[PDB]
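Enquirer: This is data03.txt, which holds compact mmCIF, C-alpha atoms:
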# COMPACT_ATOMS: atom_id res chain seq x y z
CA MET S 1 -32.56 12.03 1.83
CA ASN S 2 -29.12 13.76 2.05
CA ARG S 3 -27.64 11.67 -0.76
CA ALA S 4 -28.89 8.37 0.66
CA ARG S 5 -30.43 7.83 -2.79
CA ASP S 6 -27.13 8.48 -4.57
CA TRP S 7 -25.44 5.77 -2.42
CA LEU S 8 -28.22 3.31 -3.08
CA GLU S 9 -27.87 4.06 -6.75
CA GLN S 10 -24.09 3.38 -6.45
CA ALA S 11 -24.76 0.15 -4.52
CA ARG S 12 -27.13 -1.10 -7.27
CA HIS S 13 -24.53 -0.10 -9.90
CA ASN S 14 -21.79 -1.95 -7.99
CA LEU S 15 -24.05 -5.05 -7.80
CA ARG S 16 -24.67 -4.79 -11.59
CA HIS S 17 -20.93 -4.45 -12.11
CA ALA S 18 -20.42 -7.65 -9.98
CA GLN S 19 -23.08 -9.46 -12.08
CA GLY S 20 -21.35 -8.42 -15.28
CA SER S 21 -17.97 -9.40 -13.79
CA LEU S 22 -19.38 -12.87 -13.26
CA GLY S 23 -20.12 -12.91 -17.01
CA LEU S 24 -16.51 -11.81 -17.74
CA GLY S 25 -15.22 -14.67 -15.60
CA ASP S 26 -13.48 -12.14 -13.23
CA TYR S 27 -14.56 -13.86 -9.98
CA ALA S 28 -12.34 -12.10 -7.50
CA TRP S 29 -13.37 -8.74 -8.99
CA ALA S 30 -17.02 -9.84 -8.77
CA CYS S 31 -16.52 -10.61 -5.08
CA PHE S 32 -14.91 -7.22 -4.49
CA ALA S 33 -17.76 -5.47 -6.34
CA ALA S 34 -20.27 -7.39 -4.19
CA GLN S 35 -18.60 -6.24 -0.97
CA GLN S 36 -18.64 -2.69 -2.49
CA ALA S 37 -22.39 -2.98 -3.22
CA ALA S 38 -23.01 -3.98 0.39
CA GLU S 39 -20.78 -1.25 1.75
CA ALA S 40 -22.34 1.56 -0.37
CA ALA S 41 -25.91 0.36 0.47
CA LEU S 42 -25.21 0.41 4.20
CA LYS S 43 -23.49 3.81 3.99
CA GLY S 44 -26.68 5.00 2.25
CA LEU S 45 -28.89 3.51 5.01
CA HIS S 46 -26.75 5.35 7.56
CA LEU S 47 -27.15 8.69 5.67
CA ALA S 48 -30.96 8.23 5.53
CA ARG S 49 -30.96 8.00 9.34
CA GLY S 50 -28.80 11.11 9.63
CA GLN S 51 -25.41 9.45 10.28
CA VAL S 52 -22.21 9.36 8.25
CA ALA S 53 -20.44 6.00 8.32
CA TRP S 54 -16.95 4.92 7.30
CA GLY S 55 -14.68 2.10 6.47
CA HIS S 56 -15.02 -1.20 4.69
CA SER S 57 -16.39 -3.50 7.38
CA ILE S 58 -19.96 -4.35 6.67
CA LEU S 59 -19.94 -5.92 10.22
CA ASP S 60 -19.28 -2.45 11.72
CA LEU S 61 -21.75 -0.90 9.23
CA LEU S 62 -24.50 -3.18 10.51
CA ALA S 63 -23.50 -2.81 14.20
CA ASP S 64 -23.61 0.95 14.15
CA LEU S 65 -27.20 1.23 12.85
CA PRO S 66 -29.84 2.97 15.04
CA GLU S 67 -31.47 0.88 17.70
CA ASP S 68 -34.78 0.92 15.87
CA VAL S 69 -33.23 -1.04 12.97
CA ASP S 70 -33.47 -4.73 13.51
CA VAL S 71 -30.60 -6.68 11.92
CA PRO S 72 -31.27 -10.36 11.32
CA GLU S 73 -28.47 -12.74 12.30
CA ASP S 74 -28.15 -13.97 8.71
CA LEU S 75 -26.99 -10.48 7.70
CA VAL S 76 -24.19 -10.65 10.31
CA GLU S 77 -23.02 -13.93 8.80
CA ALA S 78 -23.24 -12.44 5.27
CA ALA S 79 -21.17 -9.44 6.55
CA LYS S 80 -18.40 -11.71 7.82
CA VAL S 81 -18.13 -13.42 4.46
CA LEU S 82 -18.18 -10.18 2.41
CA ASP S 83 -15.64 -8.56 4.69
CA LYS S 84 -12.96 -10.90 3.48
CA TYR S 85 -13.48 -9.59 -0.09
CA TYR S 86 -12.38 -5.97 0.34
CA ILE S 87 -8.61 -6.57 0.30
CA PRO S 88 -7.85 -10.32 -0.52
CA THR S 89 -9.61 -10.19 -3.85
CA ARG S 90 -7.04 -7.68 -5.21
CA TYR S 91 -3.78 -8.01 -3.26
CA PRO S 92 -1.40 -10.97 -3.78
CA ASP S 93 0.13 -10.78 -0.30
CA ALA S 94 -3.30 -11.78 1.20
CA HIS S 95 -2.59 -15.33 -0.11
CA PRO S 96 0.32 -17.78 0.09
CA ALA S 97 1.08 -17.75 -3.54
CA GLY S 98 0.16 -16.50 -6.96
CA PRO S 99 -1.89 -13.40 -7.86
CA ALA S 100 -4.98 -12.65 -5.78
CA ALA S 101 -7.39 -13.29 -8.72
CA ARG S 102 -6.81 -17.03 -8.97
CA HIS S 103 -8.08 -17.78 -5.51
CA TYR S 104 -11.70 -16.97 -6.32
CA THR S 105 -14.27 -19.17 -8.12
CA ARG S 106 -17.60 -18.70 -9.85
CA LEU S 107 -19.62 -20.36 -7.06
CA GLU S 108 -17.95 -18.09 -4.49
CA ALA S 109 -18.76 -14.98 -6.51
CA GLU S 110 -22.39 -16.08 -7.07
CA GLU S 111 -22.70 -16.59 -3.35
CA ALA S 112 -21.08 -13.13 -2.90
CA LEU S 113 -23.77 -11.60 -5.16
CA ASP S 114 -26.42 -13.44 -3.14
CA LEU S 115 -25.10 -12.03 0.14
CA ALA S 116 -24.82 -8.50 -1.23
CA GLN S 117 -28.36 -8.71 -2.59
CA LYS S 118 -29.61 -9.63 0.92
CA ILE S 119 -27.87 -6.53 2.27
CA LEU S 120 -29.28 -4.31 -0.49
CA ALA S 121 -32.82 -5.67 0.04
CA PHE S 122 -32.61 -5.10 3.83
CA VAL S 123 -31.44 -1.55 3.14
CA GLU S 124 -34.17 -0.88 0.54
CA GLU S 125 -36.81 -1.95 3.00
CA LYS S 126 -35.37 0.04 5.94
CA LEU S 127 -35.13 3.24 3.90
CA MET M 1 11.56 -12.90 -7.04
CA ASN M 2 10.00 -11.58 -3.82
CA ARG M 3 6.63 -12.29 -5.57
CA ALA M 4 7.26 -9.41 -7.94
CA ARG M 5 5.83 -11.73 -10.56
CA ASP M 6 2.63 -12.44 -8.65
CA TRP M 7 2.02 -8.68 -8.49
CA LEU M 8 2.75 -8.24 -12.20
CA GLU M 9 0.26 -11.01 -13.01
CA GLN M 10 -2.30 -9.36 -10.68
CA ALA M 11 -1.58 -6.09 -12.62
CA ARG M 12 -2.30 -7.77 -15.93
CA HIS M 13 -5.50 -9.31 -14.61
CA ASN M 14 -6.53 -5.88 -13.32
CA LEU M 15 -5.92 -4.42 -16.77
CA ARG M 16 -7.99 -7.19 -18.35
CA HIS M 17 -10.81 -6.45 -15.87
CA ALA M 18 -10.48 -2.79 -16.89
CA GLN M 19 -10.91 -3.80 -20.59
CA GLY M 20 -13.95 -5.99 -19.77
CA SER M 21 -15.47 -3.17 -17.72
CA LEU M 22 -15.15 -0.85 -20.70
CA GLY M 23 -17.08 -3.57 -22.61
CA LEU M 24 -19.79 -3.62 -19.93
CA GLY M 25 -20.20 0.14 -20.28
CA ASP M 26 -18.96 0.41 -16.62
CA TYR M 27 -16.56 3.33 -17.23
CA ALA M 28 -15.97 4.38 -13.61
CA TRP M 29 -15.06 0.69 -12.70
CA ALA M 30 -12.78 0.51 -15.76
CA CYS M 31 -10.95 3.67 -14.51
CA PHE M 32 -10.63 2.23 -11.00
CA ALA M 33 -9.28 -1.13 -12.32
CA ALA M 34 -6.75 0.76 -14.45
CA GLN M 35 -5.44 2.56 -11.40
CA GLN M 36 -5.28 -0.89 -9.67
CA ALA M 37 -3.25 -2.34 -12.60
CA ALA M 38 -0.76 0.52 -12.26
CA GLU M 39 -0.61 0.29 -8.52
CA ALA M 40 -0.03 -3.50 -8.49
CA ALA M 41 2.59 -3.24 -11.26
CA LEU M 42 4.57 -0.62 -9.42
CA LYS M 43 4.32 -2.47 -6.15
CA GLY M 44 5.70 -5.49 -8.09
CA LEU M 45 8.65 -3.32 -9.27
CA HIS M 46 9.38 -2.17 -5.74
CA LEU M 47 9.36 -5.88 -4.61
CA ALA M 48 11.69 -6.85 -7.51
CA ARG M 49 14.04 -4.16 -6.18
CA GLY M 50 13.63 -5.49 -2.66
CA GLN M 51 11.61 -2.56 -1.21
CA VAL M 52 8.04 -2.89 0.00
CA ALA M 53 5.80 0.06 -0.92
CA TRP M 54 2.31 1.08 0.36
CA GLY M 55 -0.63 3.23 -0.57
CA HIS M 56 -2.57 3.92 -3.69
CA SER M 57 -0.54 6.84 -5.02
CA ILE M 58 1.07 5.94 -8.38
CA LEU M 59 2.85 9.31 -8.05
CA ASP M 60 4.44 8.36 -4.68
CA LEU M 61 5.14 4.82 -6.05
CA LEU M 62 7.09 6.36 -8.93
CA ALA M 63 8.80 9.01 -6.80
CA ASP M 64 9.99 6.43 -4.23
CA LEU M 65 11.73 4.15 -6.78
CA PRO M 66 15.54 3.85 -6.57
CA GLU M 67 17.56 6.79 -7.92
CA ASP M 68 18.88 4.65 -10.76
CA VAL M 69 15.45 3.99 -12.22
CA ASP M 70 14.80 6.54 -14.93
CA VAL M 71 11.19 7.77 -14.87
CA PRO M 72 10.03 9.65 -17.99
CA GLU M 73 7.89 12.77 -17.19
CA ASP M 74 5.26 10.93 -19.18
CA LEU M 75 4.69 8.41 -16.43
CA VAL M 76 4.50 11.07 -13.77
CA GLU M 77 1.85 12.81 -15.81
CA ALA M 78 0.04 9.51 -16.25
CA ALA M 79 0.28 8.83 -12.49
CA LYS M 80 -1.43 12.11 -11.69
CA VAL M 81 -4.40 11.16 -13.88
CA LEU M 82 -4.67 7.61 -12.57
CA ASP M 83 -4.42 8.74 -8.96
CA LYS M 84 -7.81 10.43 -9.28
CA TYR M 85 -9.52 7.11 -9.96
CA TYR M 86 -8.78 5.28 -6.74
CA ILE M 87 -11.67 6.81 -4.69
CA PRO M 88 -13.88 9.07 -6.92
CA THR M 89 -14.85 6.24 -9.28
CA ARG M 90 -16.64 4.38 -6.43
CA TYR M 91 -17.77 6.91 -3.84
CA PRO M 92 -20.62 9.44 -4.44
CA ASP M 93 -19.35 11.90 -1.89
CA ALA M 94 -16.42 12.55 -4.18
CA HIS M 95 -18.87 14.31 -6.58
CA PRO M 96 -21.53 17.07 -6.20
CA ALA M 97 -24.52 14.93 -6.98
CA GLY M 98 -25.65 11.51 -8.06
CA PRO M 99 -23.77 8.20 -7.69
CA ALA M 100 -20.05 8.18 -8.60
CA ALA M 101 -20.57 5.95 -11.61
CA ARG M 102 -22.35 8.46 -13.77
CA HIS M 103 -19.39 10.90 -13.81
CA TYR M 104 -17.05 8.77 -15.96
CA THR M 105 -17.02 8.49 -19.72
CA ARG M 106 -16.08 6.03 -22.28
CA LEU M 107 -13.19 8.26 -23.44
CA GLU M 108 -11.97 8.58 -19.84
CA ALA M 109 -11.97 4.82 -19.56
CA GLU M 110 -10.24 4.37 -22.91
CA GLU M 111 -7.47 6.69 -21.86
CA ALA M 112 -7.08 5.16 -18.38
CA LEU M 113 -6.46 1.76 -20.09
CA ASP M 114 -3.81 3.40 -22.19
CA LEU M 115 -2.15 5.06 -19.19
CA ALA M 116 -2.12 1.84 -17.15
CA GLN M 117 -0.62 -0.05 -20.22
CA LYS M 118 2.09 2.66 -20.29
CA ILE M 119 2.84 2.06 -16.63
CA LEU M 120 2.81 -1.78 -17.00
CA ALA M 121 5.15 -1.69 -20.02
CA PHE M 122 7.55 0.54 -18.02
CA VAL M 123 7.60 -1.90 -15.09
CA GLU M 124 8.05 -4.94 -17.37
CA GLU M 125 10.92 -2.98 -18.93
CA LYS M 126 12.66 -2.11 -15.63
CA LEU M 127 11.76 -5.42 -13.99
Before we go any further, please render this structure as C-alpha cells.
Expert:
Amino acid sequence: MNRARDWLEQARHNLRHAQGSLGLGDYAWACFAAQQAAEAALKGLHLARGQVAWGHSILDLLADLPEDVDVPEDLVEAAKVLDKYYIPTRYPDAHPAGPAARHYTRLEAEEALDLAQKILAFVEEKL
Amino acid sequence: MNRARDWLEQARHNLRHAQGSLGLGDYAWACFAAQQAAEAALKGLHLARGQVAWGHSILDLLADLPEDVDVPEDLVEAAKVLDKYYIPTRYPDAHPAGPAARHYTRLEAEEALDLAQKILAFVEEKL
C-alpha cells in the first residue's frame, strides 16, 4: 500500500533495535529508537490512508489521522511521553549538565518500548 | 569548558552505541550512531572554541571551524561518507524499496565506526 508496508517494517526494526539497545544498557538510545518506531509506524499508517506525514511529533502524527480512525486517549498520553525522546536522548544541551545519555534509565526505556508497542499495535490493527 | 566535554562524552557514548549496534547486526543504526558520534564531537570542538554550531552536516561542521584549525583532506572525505547516514539509515523513502534498514551492510558499519573514530581522535587532538 504505497510503501506503508516498508514503513511498518522499519518501525518493527526500530522497535527491535530499541529492545536490543536495552540489552546493551544504552537506555537513552533505546528511548530514541522507541520514539523512532512510533514515528515510522504512524508515517506508515498515514501512507496507507493516502497521506504523507512529516516531522517527529507523534502527537501531530496521531492528530492528523483521518476522521474514521479512532485514537484512544492513552495513545495521546503515550505520544507526549515519546515526544520528549526525539532530541533530549542525544543532545547534551537538552539537560542541565553532563552528556544526554546519563539522564535515561532502564525502567524509562522499558516504559518507552511499552508505549511504542501500543502505537505499533494500534497501527497494525488500523492498516 | 562551555560543555565541550559533555559533548565529547556524548560522542564517545554514541560511538559505543555504534559498536553495540554492529554487534546486534543492526548495521543501518550503527551507521547512524557513527554519524552522531562525529556530529557531537565536532559540536564539542566548536563549543571549546567558543562558537555554537548547528545541523547534521559533518562537512559544514568541519568547514566552519576557525581558520587556524588544520583539517586534513582525510576528514573531509570521511565527513562526506558520514553525512549520508543521518537520514537514509532510518527513513525508507530515502531508498527505492523496502525499509531503510536492509540497505546497510556489515562492512559499511565497520567503516563508519572507523571514520567516526578518525573524527573523534581529531577533535580530542585539537580540543
Enquirer: Here is a test: counting all atoms listed in the file, which residue of M:52, M:30, M:127, M:113 is nearest to residue 5 (chain M)?
Expert: M:127
Enquirer: Counting all atoms listed in the file, a student should be able to say which residues of chain M come within 10 Å of chain S; what is the right answer, written as number ranges by chain?
Expert: M: 3-14, 16-17, 20-21, 23-26, 29, 33, 36-37, 40, 44, 90-93, 96-102
Enquirer: Mind giving me the straight-line distance from CA of residue 118 (chain S) to CA of residue 43 (chain S) in Å, one decimal?
Expert: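 Calculated distance between CA of residue 118 (chain S) and CA of residue 43 (chain S) is 15.1 Å.
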Enquirer: Quick one: of M:67, M:119, M:57, M:125, who's nearest to residue 83 (chain M), counting all atoms listed in the file?
Expert: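 Between M:67, M:119, M:57, M:125, the residue approaching residue 83 (chain M) most closely is M:57.
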Enquirer: To one decimal place, how far is CA of residue 58 (chain M) from CA of residue 54 (chain S) in Å?
Expert: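 Interatomic distance, CA of residue 58 (chain M) to CA of residue 54 (chain S): 23.9 Å.
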Enquirer: I'd like the neighbourhood of residue 61 (chain S) as a ChimeraX atom specification, where a residue qualifies if any of its atoms comes within 12 Å (using only C-alpha atoms), though same-chain residues fewer than 3 positions away should be ignored.
Expert: /S:35,38-47,51-58,64-66,71,75-76,79-80,83,119,123
Enquirer: Could you check how far CA of residue 86 (chain S) sits from CA of residue 48 (chain S), in Å to one decimal?
Expert: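 Answer for the CA of residue 86 (chain S) to CA of residue 48 (chain S) separation: 24.0 Å.
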Enquirer: Please provide the set of residues having any atom within 7 Å of residue 28 (chain S), restricted to only C-alpha atoms, with same-chain residues fewer than 4 positions apart removed, written as a list in words.
Expert: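 Contacts, in chain order: residues 32, 89, 101 and 104 of chain S.
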Enquirer: Got a sec: who's within 7 Å of residue 109 (chain M), counting all atoms listed in the file, leaving out chain neighbours fewer than 5 positions off, as a compact mmCIF listing (two decimals) with C-alpha atoms, keeping the file's coordinate frame?
Expert:
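The result, stored in part_39.txt:
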# COMPACT_ATOMS: atom_id res chain seq x y z
CA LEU M 22 -15.15 -0.85 -20.70
CA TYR M 27 -16.56 3.33 -17.23
CA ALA M 30 -12.78 0.51 -15.76
CA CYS M 31 -10.95 3.67 -14.51
Enquirer: Just checking: using all atoms listed in the file, which residue out of S:34, S:18, S:1, S:120 ends up closest to residue 84 (chain S)?
Expert: S:34
Enquirer: Take region 60-84 of chain S, bring it up to N, CA and C atoms, and give me the output as a short mmCIF file (atom, residue, chain, number, x, y, z; two decimals), in the frame of the given file.
Expert:
data_model
loop_
_atom_site.label_atom_id
_atom_site.label_comp_id
_atom_site.auth_asym_id
_atom_site.auth_seq_id
_atom_site.Cartn_x
_atom_site.Cartn_y
_atom_site.Cartn_z
N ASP S 60 -19.13 -3.71 10.95
CA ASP S 60 -19.28 -2.45 11.72
C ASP S 60 -20.50 -1.64 11.19
N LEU S 61 -20.67 -1.64 9.86
CA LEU S 61 -21.75 -0.90 9.23
C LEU S 61 -23.13 -1.32 9.75
N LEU S 62 -23.27 -2.62 9.99
CA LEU S 62 -24.50 -3.18 10.51
C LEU S 62 -24.62 -2.93 12.01
N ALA S 63 -23.51 -3.00 12.74
CA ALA S 63 -23.50 -2.81 14.20
C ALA S 63 -23.78 -1.41 14.63
N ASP S 64 -23.44 -0.45 13.79
CA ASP S 64 -23.61 0.95 14.15
C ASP S 64 -24.98 1.52 13.78
N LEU S 65 -25.87 0.71 13.23
CA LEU S 65 -27.20 1.23 12.85
C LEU S 65 -28.08 1.61 14.06
N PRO S 66 -28.99 2.59 13.90
CA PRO S 66 -29.84 2.97 15.04
C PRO S 66 -30.56 1.77 15.66
N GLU S 67 -30.85 1.92 16.94
CA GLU S 67 -31.47 0.88 17.70
C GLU S 67 -32.77 0.43 17.10
N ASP S 68 -33.48 1.34 16.45
CA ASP S 68 -34.78 0.92 15.87
C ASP S 68 -34.66 0.04 14.63
N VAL S 69 -33.44 -0.18 14.15
CA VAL S 69 -33.23 -1.04 12.97
C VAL S 69 -32.88 -2.43 13.43
N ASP S 70 -33.73 -3.36 13.12
CA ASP S 70 -33.47 -4.73 13.51
C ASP S 70 -32.63 -5.45 12.43
N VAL S 71 -31.50 -6.01 12.84
CA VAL S 71 -30.60 -6.68 11.92
C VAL S 71 -30.67 -8.18 12.11
N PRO S 72 -31.21 -8.91 11.11
CA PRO S 72 -31.27 -10.36 11.32
C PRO S 72 -29.87 -10.94 11.42
N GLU S 73 -29.75 -12.06 12.13
CA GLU S 73 -28.47 -12.74 12.30
C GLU S 73 -27.84 -13.18 10.98
N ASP S 74 -28.69 -13.53 10.00
CA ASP S 74 -28.15 -13.97 8.71
C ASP S 74 -27.40 -12.83 8.01
N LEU S 75 -27.74 -11.57 8.31
CA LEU S 75 -26.99 -10.48 7.70
C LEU S 75 -25.58 -10.35 8.33
N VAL S 76 -25.47 -10.71 9.62
CA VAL S 76 -24.19 -10.65 10.31
C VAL S 76 -23.29 -11.72 9.68
N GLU S 77 -23.85 -12.90 9.42
CA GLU S 77 -23.02 -13.93 8.80
C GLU S 77 -22.65 -13.50 7.38
N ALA S 78 -23.58 -12.90 6.63
CA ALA S 78 -23.24 -12.44 5.27
C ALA S 78 -22.07 -11.40 5.36
N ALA S 79 -22.18 -10.49 6.34
CA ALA S 79 -21.17 -9.44 6.55
C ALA S 79 -19.79 -10.08 6.74
N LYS S 80 -19.69 -11.11 7.58
CA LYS S 80 -18.40 -11.71 7.82
C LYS S 80 -17.80 -12.29 6.56
N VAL S 81 -18.64 -12.86 5.71
CA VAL S 81 -18.13 -13.42 4.46
C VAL S 81 -17.68 -12.25 3.51
N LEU S 82 -18.53 -11.27 3.33
CA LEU S 82 -18.18 -10.18 2.41
C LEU S 82 -16.97 -9.40 2.85
N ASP S 83 -16.72 -9.38 4.15
CA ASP S 83 -15.64 -8.56 4.69
C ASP S 83 -14.28 -9.05 4.27
N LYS S 84 -14.20 -10.31 3.97
CA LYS S 84 -12.96 -10.90 3.48
C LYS S 84 -12.74 -10.61 2.00
#
